[PDB]
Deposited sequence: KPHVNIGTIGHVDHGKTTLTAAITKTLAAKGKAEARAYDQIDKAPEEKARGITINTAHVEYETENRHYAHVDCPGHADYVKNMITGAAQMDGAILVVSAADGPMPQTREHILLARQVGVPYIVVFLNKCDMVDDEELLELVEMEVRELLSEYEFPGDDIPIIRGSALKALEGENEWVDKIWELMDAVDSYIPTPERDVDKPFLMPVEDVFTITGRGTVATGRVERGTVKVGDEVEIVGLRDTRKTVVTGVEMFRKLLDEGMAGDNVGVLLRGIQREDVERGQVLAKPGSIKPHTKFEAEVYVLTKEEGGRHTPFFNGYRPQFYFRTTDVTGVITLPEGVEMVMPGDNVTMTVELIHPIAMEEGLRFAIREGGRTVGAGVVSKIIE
C-alpha cells in the first residue's frame, strides 16, 4: 500500500500534538500509521525553529500538510507563517483540520473561521476554495467520543483522497548528477553517478546540463560494475558512456537528463536557514553581497546573496528569503535543496523557491 509523508502545521496550542495522537489511536516526533489504502509517516515538531528546519532540511520532505486551526482562536500569526513556509519549500497540498469545535458550536462562528482560513490559504497560492476543511475535536476524539472519532476518520478520508501519492522516482524524467568522469583503459570515457530519477537505456538521448552550454548526445553504455549492462534506474550507481564525449566534454556537477526536462539557471530565490555555531555554522550573520559556495547535488558554485529590501543581516538560527546569483549555471528546479558552505563549514541550508 503506498507511503506518504505528511505532518501537522499551524499555530502553537491549536492542537497538532493532540491531533497527531488522536489520529494514531483512531486507525520532530515521528509516527507512522495507516489508512485502508495508504501508509503514512507523520511529523509533529514542538514549535518555532523545528518547523523551519524540518521544512528546509528534514529527513522526509512533506508530500502534504495538515494545517490545524483552532475554531476558538481563528488563524493566528504562526498559521500564516506556516502557510507561507509551505509555499516557500514546495509542500504540494494542504488539508485543514478545524480543531476545538467542541468549544465552538455556533455554526455562524465556524463559517467565519472557515472563510478566513480559505482566504489566508489563497493569499499564498494554495487553492483556498478547494481545500478540504474538516471540523473536529482532537481532544474529544482522543478521549473516545464516537462523534469526534468519526471526524478523524473524515480527516483521514480527505487526506487519502485529496493529497495525491507522490510520483515515484522511477517515473520521473531521467536525471543523474555526474559524480566523476574518467577514462577506463582500453575503453573510453565514463561519467559516473547515482541515478536520482527515472530510467536510462543504451540508445537514449540525454542532455548534459549545467556549468556550460547544454549539449545533447546518445547513451552508448550503462554499467553497474560486474552486475548490469544496458540500463539503469533511480538508485543505481552506474558508469555511463556517451557518444563523442571526452573528459573535456562532461564534468562533475553537470547532470545527465532527459532532453528538455531540466534547464540551467544562475539566478533564483530561495528560502534559507542559517546554521548556528552549535550546528556547525558560523556565529556571524549573512549580509548583502556575501559570496559563499552553493552545493547543488555534486558540485559547488560561488554565488552572491541579496537579502530582502531593508534587511542588512540574517543571524544564525534565523531564516529568510534570499536572492542568489551564481557565477556558473547549474541545473535546478523549484523545490531543489542545497547547502551553503564557506571554508569547511556548512553555514546555510536552502531550498529553491523560485527561478528568475
Against the full deposited sequence, which stretches does the structure leave out?
28-55, 385
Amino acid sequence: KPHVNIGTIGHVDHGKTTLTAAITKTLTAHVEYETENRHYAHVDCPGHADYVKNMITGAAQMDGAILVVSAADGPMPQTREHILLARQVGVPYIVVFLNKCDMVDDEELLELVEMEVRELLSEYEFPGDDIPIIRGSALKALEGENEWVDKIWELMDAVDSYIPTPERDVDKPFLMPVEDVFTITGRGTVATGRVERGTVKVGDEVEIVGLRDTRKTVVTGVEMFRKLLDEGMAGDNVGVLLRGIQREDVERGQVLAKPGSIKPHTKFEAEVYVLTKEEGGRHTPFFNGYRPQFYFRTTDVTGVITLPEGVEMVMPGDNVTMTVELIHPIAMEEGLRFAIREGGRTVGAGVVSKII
From here on, numbers count along this sequence of modelled residues.
The stretch whose C-alpha atoms carry the larger average B-factor in the entry, 45-53 or 288-296, is 45-53
Do the CA atoms of 230-238 or those of 154-162 have the higher mean B-factor in the entry?
154-162
Taking the Cα B-factors listed in the entry, which of 73, 196, 180, 269 comes out highest?
73
Highest Cα temperature factor in the entry, among the options 276, 246, 192, 217: which one is it?
276
Going by the entry, which third of its chain does the Cα temperature factor of residue 353 land in?
lowest
If you rank the chain by CA B-factor, which third does residue 251 end up in: lowest, middle or highest?
lowest
Would the CA B-factor of residue 331 place it in the lowest, middle or highest third of its chain?
lowest
Here the Cα B-factor of residue 134, set against its chain, lands in the third termed lowest
Place residue 283 in the lowest, middle or highest third of its chain's C-alpha B-factors, as listed in the PDB entry.
highest
